[PDB]
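Before any questions on binding or motion, here is one chain by itself as C-alpha cells, the form deposited in one PDB entry.
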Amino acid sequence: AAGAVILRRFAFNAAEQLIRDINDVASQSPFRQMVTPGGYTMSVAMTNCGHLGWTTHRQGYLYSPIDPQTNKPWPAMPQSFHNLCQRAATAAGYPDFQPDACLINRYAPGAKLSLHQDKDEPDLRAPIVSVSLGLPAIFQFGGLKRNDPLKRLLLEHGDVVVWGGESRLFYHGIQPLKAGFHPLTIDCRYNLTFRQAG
C-alpha cells in the first residue's frame, strides 16, 4: 500500500475510552443502517461525530453538518478522538492533518462493506485515519478499478491505518465479519475514519 502507514495496536491504550465515547456519540446520533441511493440498506451500521458527517443522499453520497435522521447536528468530535487521531497522523507523517469528520462504522457478525472509493473529500491530498476496535476484520484494497488485484489485510483491535498518498484513491472494502467475541465490544467491531471533509 503505497503511501499507507499501518500502526497496529496503536490505539490499544485509548481503546476503552474511545468505546465509551462512541456510545456517547450514539446517544445523540444513534447507529443506523443507511439506505444507499439505489434504495438498499447497508449491512454496516453507521453514525458520525464532528462538524461534518458522511451520509447517503438521494443524488449520491455526501457530507452534511446535520444528521438526516435526527435532523440535529452530528455530535461534536470527542477529545479522545481528536487526540488519538492527531497522535496517529503525526506519527504517520501528517502533523498538520485536522479532521472535521469521523465516520463511525459498527459491524455485527456477517456485516460487510463491498468495494468503494473515498472521493467525496475536497482535497484528496489529505489522508484518512482508520481506527479498528473490537473483533478482527479482513480489509481488502485494490487499484484504481473495481476489478483489480485485491490484497487482504487483517485489522485487529486497536489497529490504526493512516491512508495517504496513492492508497488514498484505492478501491477498498471489508469482508463479512466472522463471528467471535471481544471483552470490550462483545460481538461487534467498530471503526473510526477521520477525514478532512470541509
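Here, rigid core means the biggest group of C-alpha atoms that superpose within 1.5 Å across both forms. From 1 onward, residues are counted along the sequence shown.
Note that the form deposited in another entry isn't included here; everything after this is about it.
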query = Taking the rigid core as reference, does residue 152 move its C-alpha 2 Å or further between the shown form and the other one?
reply = no
Residue 143 C-alpha moves between the shown form and the other one by 2 Å or more, core aligned = yes
request  = Would you tell me if residue 27 moves between the shown form and the other one by 2 Å or more at its C-alpha, with the rigid core held superposed?
outcome  = no
